[PDB]
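Visitor: Line order of the protein sequences matches chains B and A.
Counting from 541, one number per residue, gives the positions in the first sequence under the entry's author numbering.
Counting from 73, one number per residue, gives the positions in the second sequence under the entry's author numbering.
For each residue, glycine too, the CB sits at the ideal point set by N, CA and C.
Could you have a look at this structure, given as structure tokens, before my questions?
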Amino acid sequence: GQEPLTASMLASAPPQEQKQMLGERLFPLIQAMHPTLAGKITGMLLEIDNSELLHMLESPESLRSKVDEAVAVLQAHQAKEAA
Amino acid sequence: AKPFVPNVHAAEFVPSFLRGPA
């Protein structure tokens, strides 16, 4: 297994790689809930802002919130039957 | 009432690799 992420680590890497980092760790995180499009949702989510995300990591009360919000935004427009 | 209203049209975060349809 690998260790979690921290503001100290996100700083070491550039602002262009940070996004990949957060998303990379978020991939498996959300993969336990919505693996169907974990990456997709992880893209827009992590794209929101590293400032907020940094706090979201230790915020299990807001994380699930954003996740569900996005998942719902899909059905709103259109829902497909893709395995 | 969707205080964030995300963009479902958004694109994945992973790096785009493997050209072509396959």
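1. Listing by chain order, which chain B residues have their CB less than 7 Å from the CB of residue 76 of chain A?
2. May I ask you to report which of helix, strand or coil DSSP gives residue 574 of chain B?
3. Around the Cβ of residue 85 of chain A, are there at least 16 other Cβ atoms within 10 angstroms (buried) or fewer (exposed)?
4. Express the C-alpha separation of residue 560 of chain B and residue 552 of chain B in angstroms, rounding to a whole number.
5. With distances taken between CB atoms, is the gap from residue 583 of chain B to residue 563 of chain B smaller than 8 Å?
6. Along the segment 577 to 592 of chain B, what residues have a CB closer than 9 Å to any CB found in chain A?
Guide: Put simply:
1. Going along chain B in sequence order, the residues near residue 76 of chain A (Cβ under 7 Å) are 606, 609.
2. Coil, per DSSP.
3. Buried, since its Cβ has 16 or more Cβ neighbours within 10 Å.
4. Put simply, the backbone Cα of residue 552 of chain B is about 13 Å away from that of residue 560 of chain B.
5. At a Cβ-Cβ threshold of 8 Å, residue 583 of chain B and residue 563 of chain B count as neighbours.
6. Within the segment 577 to 592 of chain B, the qualifying residues are 577, 579, 580, 581, 582, 583, 584, 585, 586, 587, 588.
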